[PDB]
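Following: one structure in structure tokens, then a few remarks.
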Amino acid sequence: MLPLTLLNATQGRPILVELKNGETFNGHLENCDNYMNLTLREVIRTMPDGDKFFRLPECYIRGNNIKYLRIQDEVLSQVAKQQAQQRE
Amino acid sequence: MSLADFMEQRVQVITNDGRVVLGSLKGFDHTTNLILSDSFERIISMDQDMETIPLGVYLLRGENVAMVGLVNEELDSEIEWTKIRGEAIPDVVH
Amino acid sequence: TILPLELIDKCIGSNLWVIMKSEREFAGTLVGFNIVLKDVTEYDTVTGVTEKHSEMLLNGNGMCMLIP
Amino acid sequence: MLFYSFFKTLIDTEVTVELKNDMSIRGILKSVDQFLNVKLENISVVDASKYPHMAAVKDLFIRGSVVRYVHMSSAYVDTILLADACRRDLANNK
Amino acid sequence: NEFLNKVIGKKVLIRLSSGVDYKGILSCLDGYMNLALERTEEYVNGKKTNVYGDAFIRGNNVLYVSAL
Amino acid sequence: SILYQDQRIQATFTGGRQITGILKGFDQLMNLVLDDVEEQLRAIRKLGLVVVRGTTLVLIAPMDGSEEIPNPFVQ
Amino acid sequence: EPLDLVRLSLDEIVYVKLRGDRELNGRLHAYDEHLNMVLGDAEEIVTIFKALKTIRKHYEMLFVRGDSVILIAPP
RNA sequence: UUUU
């Protein structure tokens, strides 16, 4: 399964993003591209020491700064089910 | 890639910030982006017992991936990771 | 709207202030563009040390902001 | 392609990869690609008591961008042929 | 880029992002700012630390080239 | 481009610099022209009219509706 | 054309300064446009921090990834 | 805008 296929399938769903600088972003994935640039909606930004928190209506994140994304198990399940039916 | 050799098996990723995360390799691409499922992080230290954090589905951007090891199930069964101590893995310095 | 590089192109011959991602700045007369600056002052914004340059080629990779 | 080709000739021989996080891993080179990503088999971490994390890993993928060095026995390198290949690569790139 | 002609063959100061300085005659320059110098002196904390008879400097490290 | 004109935005750069300003232009590489810029120091300083280089951006968000909140996560 | 300097060092001993307070002296047998290199009979000097100590190691054959290279000179 |  390709990673960008999974990322595109989590559009519309909650997501957790951690950046190289150590900040984390919790929000709904509104859109993404093959650069892994993200636009998120209704976001909580957490500073690196877990000290301070901001609410952002939406935000844009450059993909080159992402360390990793956390995605719900059901998204992975959905993509696997669709690919295994597309096989037939 | 040679990573195709590891598909659908338990794998242990060392990232550029020194973290250790284990999980099932569900996919990768030519930049070494990875999908791990049923993943968890292991924090081995010298001062305290090993911590295990559950992570679920984990998409790792390849830029941040240093190593991907295939975990040998028998070797890992022989090890009691609870009582294991070790140094923090250093950060990658470019 | 306005186009960043058209604004910078407008700045040729005028004074430009450049802010790096690191704590360094340069201020000089923009010659062209990686940018060439003339009669430049380099500022280390942590140590406070300042240095002068008659003319220099500034690598563009580390520049954050350009300010007319 | 010069160093990708060079590393292919070292497949099946023992190498030590020093990484930019100061870990070094010894093992049999099994695979290499255009990025100089490398796959080692039957690895042993050089300072294993410092880094017990890979005690259950035998096969290992290393991303090419995190390599500092690969060092290898001179016995499997023909430096006359290597230098000639280098000159032909430079000429091809002219 | 009339800077090049004005600078190739004359003494230059090269500052790396790390802060280490190299002074020497500039043999050659390219788009990534890879340099070749002819008798380089290296300065760390401002002190002369090494002398190289010729030097290739990899451009990703170069912060600037300034004329002397 | 998956992404404010004349609205005030906040931007974060690799290396940590953090600024706000009114978006007055942009291009496809995501260079920005921001006016009335203020840099948040690591307190503020005022930079006026700035061109930001898109390659150094990490984050862009609108200022309207952005607020500091207390910890929202269940301990 | 800068790389022509390194062309003149093929099969000659070079000094290489690397990021991370590391230095190499060895015989250049191959390089490419990234400054990937293979050195034969190489000595590495690692400086540990005024220096606290230096560590010297010898390698019969050594591939060096180019992105660590700061400069290349005669020894 | 991920491995020079």
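All chains are named by letter (A, B, ...) in the order of the sequence lines, taking the proteins before the strands, and each is independently numbered beginning at 1.
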Spacing of [X] atom [atom1] relative to [N] atom [atom2], expressed in whole Å:
X     : N    : atom1 : atom2 : answer
F:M30 : H:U1 : CE    : P     : 9 Å
G:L3  : H:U4 : CG    : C1'   : 12 Å
F:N31 : H:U1 : CG    : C1'   : 13 Å
B:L34 : H:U3 : CG    : P     : 13 Å
G:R19 : H:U4 : CZ    : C1'   : 11 Å
A:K20 : H:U1 : NZ    : P     : 12 Å
D:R68 : H:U3 : CZ    : P     : 16 Å
F:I60 : H:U1 : CD1   : P     : 14 Å

### Message
Does D:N37 contact H:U3 through a side-chain donor or acceptor facing the base, at a distance under 3.5 Å?
### Response
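Flag set: donor-acceptor pair detected.
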### Query
Below 3.5 Å, does any donor atom in the side chain of D:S65 face an acceptor in the base of H:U2, or the other way round?
no
#### Entry: H:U4 OP1/OP2 closer than 4.0 Å to side-chain N/O of G:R65
no
Of the candidate nucleotides [options], which contains the atom at the shortest distance from the side chain of [X]?
X     : options          : value
B:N33 : H:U2, H:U4, H:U1 : H:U2
B:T32 : H:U2, H:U1, H:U3 : H:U3
E:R58 : H:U4, H:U1, H:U2 : H:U4

### Task
With sequence neighbours left out, write down each residue that passes side chain to side chain contact (heavy atoms under 4.5 Å, CB included) with A:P14, or none if nothing qualifies.
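With neighbours one apart ignored, the set is A:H28, A:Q72.
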### Query
What pairs with D:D84 under side chain to side chain contact (heavy atoms under 4.5 Å, CB included), at least two apart in sequence or on another chain?
D:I80, D:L81, D:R87, D:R88
#### Entry: Residues in salt bridge (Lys or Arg N to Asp or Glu O under 4.0 Å) contact with C:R24, at least two apart in sequence or another chain
C:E42
### Query
D:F6: what forms a ring-ring contact (aromatic ring centres under 6.0 Å, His included) with it, not counting sequence neighbours?
none
### Partner of D:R63 by side-chain hydrogen bond (donor to acceptor under 3.5 Å, both in side chains), out of B:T32, B:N16, B:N64
B:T32
Report, one line per pair, each donor and acceptor closer than 3.5 Å where one atom sits in a side chain of residues 13-20 of chain D; sequence neighbours left out.
| residue | atom | partner | partner atom | Å |
| --- | --- | --- | --- | --- |
| D:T13 | OG1 | D:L10 | O | 2.7 |
| D:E18 | OE2 | D:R68 | NH1 | 3.0 |
| D:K20 | NZ | D:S65 | O | 3.3 |
| D:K20 | NZ | D:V67 | O | 3.0 |
| D:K20 | NZ | G:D67 | OD1 | 2.6 |
| D:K20 | NZ | G:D67 | OD2 | 3.1 |

### Message
Under 4.0 Å, heavy atom to any atom of RNA chain H: which of residues 28-37 of chain G qualify?
### Response
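Within residues 28-37 of chain G, the residues near RNA chain H are G:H34, G:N36.
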### Task
Mind checking E:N60 for me? I need base, sugar-phosphate or nothing, with any heavy atom below 4.0 Å counting as a touch.
nothing
### Query
Which is true for G:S68 with a 4.0 Å heavy-atom rule: it touches a base, it touches only sugar-phosphate, or it touches nothing?
nothing
### Task
Check for a donor-acceptor pair, side chain of E:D54 on one end and backbone N or O of G:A73 on the other, with a separation under 3.5 Å.
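Checking the backbone N and O of G:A73 against the side chain of E:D54, no donor-acceptor pair under 3.5 Å is found.
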